[PDB]
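S.K.: Residue numbers (the entry's author numbering), protein chains in the order written: chain A, 304 to 343, 350 to 722; chain B, 305 to 722. Here a beta-carbon is modelled for each residue, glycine too, at the ideal position from N, C-alpha and C. Pasting in a structure now, in structure tokens, and then I'll have a few things to ask.
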Amino acid sequence: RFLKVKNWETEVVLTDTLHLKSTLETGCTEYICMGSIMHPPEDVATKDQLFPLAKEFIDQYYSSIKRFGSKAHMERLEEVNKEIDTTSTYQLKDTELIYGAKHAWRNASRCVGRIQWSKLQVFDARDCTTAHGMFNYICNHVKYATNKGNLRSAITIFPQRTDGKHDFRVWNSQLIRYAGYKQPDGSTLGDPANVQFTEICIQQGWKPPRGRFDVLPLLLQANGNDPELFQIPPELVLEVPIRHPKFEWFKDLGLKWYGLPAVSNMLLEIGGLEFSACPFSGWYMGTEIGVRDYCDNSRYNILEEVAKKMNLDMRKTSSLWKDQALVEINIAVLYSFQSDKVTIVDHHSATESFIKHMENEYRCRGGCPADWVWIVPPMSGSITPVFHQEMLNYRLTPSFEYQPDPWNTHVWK
Amino acid sequence: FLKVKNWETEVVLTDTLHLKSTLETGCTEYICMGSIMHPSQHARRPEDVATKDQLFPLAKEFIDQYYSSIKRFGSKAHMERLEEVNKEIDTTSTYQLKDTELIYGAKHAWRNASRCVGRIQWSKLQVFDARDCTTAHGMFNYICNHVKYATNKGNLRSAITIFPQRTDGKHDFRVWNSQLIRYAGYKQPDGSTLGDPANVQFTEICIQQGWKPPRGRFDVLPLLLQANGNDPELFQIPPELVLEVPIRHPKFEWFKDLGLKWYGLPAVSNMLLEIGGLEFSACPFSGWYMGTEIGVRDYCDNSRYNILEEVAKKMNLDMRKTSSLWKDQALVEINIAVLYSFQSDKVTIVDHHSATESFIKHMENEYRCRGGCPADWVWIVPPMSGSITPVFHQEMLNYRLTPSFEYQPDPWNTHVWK
Ligand code: HEM
Ligand code: HEM
Ligand SMILES: Cc1cc(N)nc(-c2cc(CN3CCC(F)(F)CC3)cc(F)c2F)c1
Ligand SMILES: Cc1cc(N)nc(-c2cc(CN3CCC(F)(F)CC3)cc(F)c2F)c1
Ligand SMILES: C[C@H](O)[C@H](O)[C@H]1CNc2nc(N)[nH]c(=O)c2N1
Ligand SMILES: C[C@H](O)[C@H](O)[C@H]1CNc2nc(N)[nH]c(=O)c2N1
Ligand SMILES: [Zn+2]
Numbered sequence: 304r305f306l307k308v309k310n311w312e313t314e315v316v317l318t319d320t321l322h323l324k325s326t327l328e329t330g331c332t333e334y335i336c337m338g339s340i341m342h343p350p351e352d353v354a355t356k357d358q359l360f361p362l363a364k365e366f367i368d369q370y371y372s373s374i375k376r377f378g379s380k381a382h383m384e385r386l387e388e389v390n391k392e393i394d395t396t397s398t399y400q401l402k403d404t405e406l407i408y409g410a411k412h413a414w415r416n417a418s419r420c421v422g423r424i425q426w427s428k429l430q431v432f433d434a435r436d437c438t439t440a441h442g443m444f445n446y447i448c449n450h451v452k453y454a455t456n457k458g459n460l461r462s463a464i465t466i467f468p469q470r471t472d473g474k475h476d477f478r479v480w481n482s483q484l485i486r487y488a489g490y491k492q493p494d495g496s497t498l499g500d501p502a503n504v505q506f507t508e509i510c511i512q513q514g515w516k517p518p519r520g521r522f523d524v525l526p527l528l529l530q531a532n533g534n535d536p537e538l539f540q541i542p543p544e545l546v547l548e549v550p551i552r553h554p555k556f557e558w559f560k561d562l563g564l565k566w567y568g569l570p571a572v573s574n575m576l577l578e579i580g581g582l583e584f585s586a587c588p589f590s591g592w593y594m595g596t597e598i599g600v601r602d603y604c605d606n607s608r609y610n611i612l613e614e615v616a617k618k619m620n621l622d623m624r625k626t627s628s629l630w631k632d633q634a635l636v637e638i639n640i641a642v643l644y645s646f647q648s649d650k651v652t653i654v655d656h657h658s659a660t661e662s663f664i665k666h667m668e669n670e671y672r673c674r675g676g677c678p679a680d681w682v683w684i685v686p687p688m689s690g691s692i693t694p695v696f697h698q699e700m701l702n703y704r705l706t707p708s709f710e711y712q713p714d715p716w717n718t719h720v721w722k
Numbered sequence: 305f306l307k308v309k310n311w312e313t314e315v316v317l318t319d320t321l322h323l324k325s326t327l328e329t330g331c332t333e334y335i336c337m338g339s340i341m342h343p344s345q346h347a348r349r350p351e352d353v354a355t356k357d358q359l360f361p362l363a364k365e366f367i368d369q370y371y372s373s374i375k376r377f378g379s380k381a382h383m384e385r386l387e388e389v390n391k392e393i394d395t396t397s398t399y400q401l402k403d404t405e406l407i408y409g410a411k412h413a414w415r416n417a418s419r420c421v422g423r424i425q426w427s428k429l430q431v432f433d434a435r436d437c438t439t440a441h442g443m444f445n446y447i448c449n450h451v452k453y454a455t456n457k458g459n460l461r462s463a464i465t466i467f468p469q470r471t472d473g474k475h476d477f478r479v480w481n482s483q484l485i486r487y488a489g490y491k492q493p494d495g496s497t498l499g500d501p502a503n504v505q506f507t508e509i510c511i512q513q514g515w516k517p518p519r520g521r522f523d524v525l526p527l528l529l530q531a532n533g534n535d536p537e538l539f540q541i542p543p544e545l546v547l548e549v550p551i552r553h554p555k556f557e558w559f560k561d562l563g564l565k566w567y568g569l570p571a572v573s574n575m576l577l578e579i580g581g582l583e584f585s586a587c588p589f590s591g592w593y594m595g596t597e598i599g600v601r602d603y604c605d606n607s608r609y610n611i612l613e614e615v616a617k618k619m620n621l622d623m624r625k626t627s628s629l630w631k632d633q634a635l636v637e638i639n640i641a642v643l644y645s646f647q648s649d650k651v652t653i654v655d656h657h658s659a660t661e662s663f664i665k666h667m668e669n670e671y672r673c674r675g676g677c678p679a680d681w682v683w684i685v686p687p688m689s690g691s692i693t694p695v696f697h698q699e700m701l702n703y704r705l706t707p708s709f710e711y712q713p714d715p716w717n718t719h720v721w722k
């Protein structure tokens, strides 16, 4: 009936009642925790499956606006039911769509940026029918979100799933990523994470510049048709050349990154409806770029390069040359974005804000599901306040969800 | 049967050992509690002296496990041990472990410690039977020998000293210190805190028991030892047994002038060791430090020594905003310094890269021969530079195997004085 979480640095204790509203698996059992497991078409919901999911969401939406039990609430409910009876599915109103998209972000236990959840620009693209249409919608998203460096968070929602045979999909995992090319000598040019997607693009006819920071083309699928290539207009892709405020040589590494993090491979679930193409964007925390993108061994792997220029002893790990070069890379990233007036947040500010957000969510909502394994930044963990903050993890809906990669299930026409 | 995947190597391991899990983790299908410090209160035995139907099944299970370990099970010595444990509980409401059973159980408690990154060495543990102990003086003698053996003039060795098991609950043996060696914390009149803030309350009890504090920043605390439920007694560990390392920096000549030191021997002394239903309330165990425990947590936690600003100021760092990452930069230098100092003084220490790499290897070993290895991601990943260590990218399954080390309440919330 109640659960308590404690911050071990501050002694603050919060009481989670909201977890009673969750209704879907975490992956754990009573005797084994799967808290660190990353992921613990005909599966479209039947009529009888969809009825209670829509009732739940419509009830939740009318509760949120202090109209529960109202005439408008009850008529909406039977209107939804009629659609499900006739058409085996239903259509959200614009208000419900905006509410669902904002709450799916609010409910994202792994996102540390949720203090901003209520300031989200929703772009209703449910009238889209072609890949060309999707490209137009996505170009307008990118230009709005980027806002000349003064980033604004936003989502564009494409038509919901029907029978699973007519999905809309953004095949890109983000709207802006760099290409990756495996060389014959075993080495990799560009971003090793995107090698397979780069190969899918090329075979579809993309002519790659074969460089280190080639912005990839969009690969867009509408209504279950084969996906199509489109080149984002270069003037819409804002990029930051990475330099260091004290190390003159750092600009000579030749590094840049894009300004706009825009995840496009997830699935938005509102009231049992599945929005298979729903790309969303915000702004970066510095460590996403500085620690993971640049320094993962499977990613750009520049630690060794930077330590060399730093003149560090790299013969023994206990010199902490890796830790040292990592801090400088992350200083360079934050300094570069700030100098070019492109929105960014360091891990300290971001985690402190999330703690403020968590306490408020407990205050007014009864809790706030949170995934410690993801909330804690990938460097300097215990000197950030979330490290010392107990967190409960559960799955509320609307939610953002993973889905399989399109090329693992699409059958080509 | 569950799989775990490492996302750096794509190695996938397959866990069947979790089918032997006994106690609740705290999680359910609908709520994960994997970042709660004490998620469960599910114990294997009720409050005080258990009835025969309560203790015997736990006993039978441990003995079954142990004889299974040595390729008996059903052997003559196994069936006689069952009858011996049964007659013993019938006649005393408890039973006593053979020497071999005690050693097997302590080593497997360590092997089962999901939060411990050090378990590659689990089977190389020195076990000191102190179950004949009767007084706090005896407990001090045993602890001194432990510390001396374990320290080994800086070539540290792993050890545990096991004092008599809990009988009725009003006769517990307890080390009141949380570790055998810690520094005092003193509440200053101006509201600040001198020494280690974590130990302010234990330091007060010591002072309140007659300890004369030297009132410094690194005052080794006295032992506060409780035998057979009686009042605890203060003892000063002979200083020549308390190895300490003065912290200096391989490049910053000014670092030594910060006047920082730490001790060499981490010896956890407030935990409970549970073997076949038996509860060893006093079982101090020790190994050697991972550098980050001292340099990240002990020195840089806000509720601890909090030395970040002072090191950052000495380094001439832009301390007016977070985004300069001055905290992160000082943090790295401190950990370079702690490591360099322990190594210069030839005192055993391991950095977080070496230690996490070893644990991945231990994991591969455990799955290969045991069918799994319980591990708590939240505690295994180091508190700096997490994602540049291999355990960050390693999925882990957490579950509670027995024998185990458990938490227990601080004795001063529970003890009736006399
Ligand atoms: C406004 C600034 C934002 C910041 C600073 C931020 C920060 C982060 C970070 C650091 C992660 C982990 C990413 C990783 O480590 O790979 C994350 C995850 C996530 N973000 Fe946010 N985020 C922001 C905005 C948004 C928005 C606008 C949405 C949706 C409308 C969103 C939805 C999510 C989701 C669903 C995840 C987790 C995906 C998963 O489960 O893997 N975020 N966020
Ligand atoms: C020999 C080298 C060892 C290393 C490097 C090591 C490392 C660690 C570290 C870093 C932690 C986390 C502590 C914290 O962050 O507060 C830990 C936890 C733990 N260690 Fe080990 N350890 C070692 C030996 C041992 C031994 C000999 C035992 C018992 C016989 C043991 C039992 C435990 C237990 C039970 C925990 C969890 C304590 C808790 O749940 O609060 N360790 N270890
Ligand atoms: C809006 C937003 C802001 C921000 N700073 N960051 C992200 C983000 C989120 C993921 C999570 N992401 C899910 C898809 C996946 F493919 F499953 C892999 C994990 C990954 C990233 F690279 C990201 F930049 C998103
Ligand atoms: C043998 C050993 C080696 C090593 N390198 N480290 C530790 C250790 C373990 C904790 C865990 N500790 C338990 C008591 C508690 F009260 F439960 C709070 C958590 C704390 C430390 F400071 C520690 F040095 C132990
Ligand atoms: C194995 C582990 O689950 C995996 O590395 C997780 C850990 N925590 C993370 N946290 C964030 N923010 N992003 C990640 O990709 C991961 N990866
Ligand atoms: C809230 C969180 O569970 C708590 O701060 C944990 C996190 N992980 C940890 N990991 C280690 N090794 N030691 C700790 O004390 C903690 N503290
Ligand atoms: Zn769990």
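Below 8 angstroms, how does it come out for the segment 679-695 of chain A and the segment 489-507 of chain A: are there three or more Cβ pairs, yes or no?
M.R.: As far as the Cβ criterion goes, the segment 679-695 of chain A does not touch the segment 489-507 of chain A, which means the pair count is below three.
S.K.: Of all the CB atoms in chain A, is at least one closer than 7 angstroms to the CB of B/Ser-708?
M.R.: No - not a single Cβ of chain A is within 7 angstroms of the one on B/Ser-708.
S.K.: Looking at the secondary structure, which residues open and close the alpha helix (DSSP H) in which B/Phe-646 lies?
M.R.: Looking at the DSSP string, the run of the alpha helix (DSSP H) that includes B/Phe-646 is 630-648.
S.K.: Roughly how many angstroms separate the alpha carbons of B/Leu-635 and B/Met-688, rounded to a whole number?
M.R.: Approximately 8 angstroms between the Cα atoms of the pair.
S.K.: Taking the straight line between their C-alpha atoms, what separation do you get for A/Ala-571 and A/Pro-501?
M.R.: Near 19 angstroms, if we compare the C-alpha coordinates of A/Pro-501 and A/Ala-571.
S.K.: Output needed for B/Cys-448: all residues of its chain with C-beta closer than 8 angstroms, excluding positions within five of it in sequence on either side, in chain order.
M.R.: Within the same chain, B/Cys-448 has close Cβ partners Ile-541, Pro-542, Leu-545.
S.K.: Are the beta-carbon atoms belonging to A/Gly-591 and A/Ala-354 less than 7 angstroms from one another?
M.R.: No, these two residues do not count as a Cβ contact at 7 angstroms.
S.K.: Listing by chain order, which chain B residues have their CB less than 9 angstroms from the CB of A/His-382?
M.R.: Under the 9 angstroms cutoff, chain B gives no residues; its nearest Cβ is about 27 angstroms from A/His-382.
S.K.: Tell me the DSSP secondary structure of A/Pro-715 in three-state form.
M.R.: Reduced to three states, the DSSP call for A/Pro-715 is helix.
S.K.: Evaluate contact between the segment 332-349 of chain B and the segment 698-707 of chain A, counting only Cβ atoms and requiring at least three cross-stretch pairs below 8 angstroms.
M.R.: Yes, the segment 332-349 of chain B is in contact with the segment 698-707 of chain A.
S.K.: Short check: CB of B/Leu-529 to CB of B/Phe-467, under 7 angstroms?
M.R.: Cβ atoms of B/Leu-529 and B/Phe-467: not closer than 7 angstroms.
S.K.: Roughly how many angstroms lie between the CA atoms of B/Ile-485 and B/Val-524, to the nearest whole one?
M.R.: For B/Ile-485 and B/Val-524, the distance between alpha carbons rounds to 6 angstroms.
S.K.: Looking at the C-beta of A/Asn-459, does it have a partner C-beta in chain B at a distance below 7 angstroms?
M.R.: It does not: the Cβ of A/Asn-459 has no partner Cβ on chain B nearer than 7 angstroms.
S.K.: Should A/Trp-558 go down as buried or exposed, given a rule of 16 or more other Cβ atoms within 10 Å for buried?
M.R.: Its Cβ having fewer than 16 others within 10 Å, A/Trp-558 is exposed.
S.K.: Taking any heavy atom of ligand 5 as the mark, which residues have a C-beta closer than 6 angstroms to it, listed down the chain?
M.R.: The set, ordered by position in the chain, is A/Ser-339, A/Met-341, A/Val-682, A/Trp-683, B/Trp-311, B/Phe-696, B/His-697, B/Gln-698, B/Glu-699.
S.K.: According to DSSP, what are the bridge partners of A/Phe-432?
M.R.: Partner(s): A/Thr-465.
S.K.: With a CB to CB cut of under 8 angstroms and the five nearest residues on each side skipped, what residues in its chain are close to B/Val-504?
M.R.: Hits under 8 angstroms: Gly-489, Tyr-490, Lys-491, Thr-497.
S.K.: So, at 8 angstroms on beta carbons, what are the nonlocal neighbours of A/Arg-674 in its own chain, with the 5 sequence-adjacent residues on each side left out?
M.R.: For A/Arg-674, where only same-chain residues beyond five positions count, the Cβ hits under 8 angstroms are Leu-321.
S.K.: Do A/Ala-659 and A/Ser-418 have their C-beta atoms closer together than 7 angstroms?
M.R.: Cβ distance not < 7 angstroms, so A/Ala-659 and A/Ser-418 don't count as in contact.
S.K.: Between the segment 562-576 of chain A and the segment 394-409 of chain A, do at least 3 Cβ pairs fall closer than 8 angstroms?
M.R.: Short answer: they don't touch.
S.K.: Can you give me the C-alpha to C-alpha distance between residue 347 of chain A and B/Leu-621, rounded to a whole angstrom?
M.R.: In the model shown, chain A runs from 343 to 350 with nothing in between, leaving residue 347 of chain A without coordinates.
S.K.: Classify A/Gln-505 as helix, strand or coil using the three-state DSSP reduction.
M.R.: Helix, per DSSP.
S.K.: State yes or no: is the beta carbon of B/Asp-632 nearer than 7 angstroms to at least one beta carbon in chain A?
M.R.: Yes, contact with chain A.
S.K.: In the DSSP assignment, find the unbroken beta strand (DSSP E) run with A/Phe-584 in it and report its ends.
M.R.: Where A/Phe-584 is concerned, the enclosing beta strand (DSSP E) stretches over 582-584.
S.K.: May I have all residues whose beta carbon comes closer than 7 angstroms to any heavy atom of ligand 4, sorted in chain order?
M.R.: With the cut-off at 7 angstroms, the residues found are B/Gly-422, B/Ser-482, B/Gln-483, B/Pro-570, B/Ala-571, B/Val-572, B/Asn-574, B/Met-575, B/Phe-589, B/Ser-590, B/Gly-591, B/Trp-592, B/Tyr-593, B/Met-594, B/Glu-597, B/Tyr-711.
S.K.: CA-CA distance, B/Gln-430 and A/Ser-573?
M.R.: One C-alpha to the other measures close to 55 angstroms.
S.K.: Strictly under 7 angstroms for the Cβ-Cβ distance: is B/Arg-552 near chain A by that measure?
M.R.: Answer no: the Cβ-Cβ gap between B/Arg-552 and chain A never drops below 7 angstroms.
S.K.: For B/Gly-533, which residues in the same chain have their Cβ closer than 7 angstroms to its Cβ, ignoring the five residues on either side in sequence?
M.R.: The answer, listed in chain order, is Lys-474, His-475, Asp-476.
S.K.: Evaluate B/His-666 with the Cβ neighbour count: other Cβ atoms within 10 Å of its Cβ, from every protein chain shown; 16 or more gives buried, anything less gives exposed.
M.R.: B/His-666 comes out buried.
S.K.: Which residue wins for smallest C-alpha separation from A/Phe-506, given the options A/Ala-531, A/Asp-494, A/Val-479?
M.R.: Residue A/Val-479 is the option with its Cα nearest to A/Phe-506.
S.K.: So with Cβ pairs under 7 angstroms, would you call A/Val-695 a contact of chain B?
M.R.: No, its Cβ sits nowhere closer than 7 angstroms to a Cβ of chain B.
S.K.: Under the three-state reduction of DSSP, which class applies to A/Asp-319: helix, strand or coil?
M.R.: A/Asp-319 falls in the strand class under three-state DSSP.
S.K.: In whole angstroms, give me the CA-to-CA distance for A/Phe-366 and A/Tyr-671.
M.R.: Spanning the two alpha carbons is a distance of roughly 21 angstroms.
S.K.: Establish whether the CB of A/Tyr-703 and some CB of chain B are separated by less than 7 angstroms.
M.R.: It does; some Cβ of chain B falls within 7 angstroms.
S.K.: At a Cβ threshold of 7 angstroms, is B/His-657 touching chain A?
M.R.: Chain A contact via Cβ: present.
S.K.: Is A/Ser-462 near ligand 1, going by C-beta to nearest heavy atom under 6 angstroms?
M.R.: A/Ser-462 Cβ: within cutoff of ligand 1.
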